[PDB]
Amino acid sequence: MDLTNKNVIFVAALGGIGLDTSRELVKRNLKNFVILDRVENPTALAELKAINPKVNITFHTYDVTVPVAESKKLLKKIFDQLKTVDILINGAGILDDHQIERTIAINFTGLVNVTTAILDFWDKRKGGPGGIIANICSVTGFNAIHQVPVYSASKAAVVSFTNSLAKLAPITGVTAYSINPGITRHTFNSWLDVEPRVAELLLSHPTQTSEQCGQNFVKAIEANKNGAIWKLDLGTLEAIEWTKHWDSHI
């Protein structure tokens, strides 16, 4: 994957790990960088545009928890303008096990919904060009932080969903892979307050900076491997192998 002159939609582009990935992406001479986030950060947005003014950066206020139909309405406006979109990056997410419904709505349901929305524009069965989906999941989708069981479970779901998307690529023309960051250089809520110090404890352990998580993120996008399950931990980029415990035979 050569990112030059490509059109990219990035959901939650101006947050923590999103912003540093975004900074590197706009340095790659994209034609369009389309940002969809819940709230505007005008300082960050201006800063992004200044990195390379030639890149068309557009911002849409977007809540990932809206129904599929609402996401399709926004996407139609984007496709009407750009004509083509090459990659969708899903980076929405919250970490707060005091918010059970919302954790699920944002991290899991929202990810499924926006994917379903864009498939209506990309599905090759209906004359669509196909496309690429990069889902920001989490290493907690492989093995949980058991003190944030709801967060971890939501990430396990999207690791699964991404895996299946990739296996459906021959039918849909839409490839996908997951980007799974380890702990990246603040305090949050554990489920039923089983551990009030999760953030303090995790951030003391060996971590990585948001800078070369973002650099490894772009490397992963460039590698463009359907069905990859990328681990981005301790400043390295590694593809993990999913264990086969069971087979549907279909």
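We number the residues from 1 along the sequence you see.
Counting only residues from the deposited sequence, how many are left out of the model between residue 185 and residue 186 (none, 1 to 3, 4 to 9, 10 or more)? Some 4 to 9 residues are missing between them.
Look up the CA B-factors in the entry and say which stretch, 101-109 or 80-88, has the higher mean. Per the PDB record, 80-88.
Taking only the CA atoms, which stretch has the higher mean B-factor in the record, 49-57 or 198-206? Per the PDB record, 198-206.
Report the option among 65, 190, 212, 224 whose CA atom has the maximum B-factor in the deposited record. Spelled out: the listed residue with the top C-alpha B-factor is 212.
Would the CA B-factor of residue 9 place it in the lowest, middle or highest third of its chain? Residue 9: CA B-factor falls in the lowest third of its chain.
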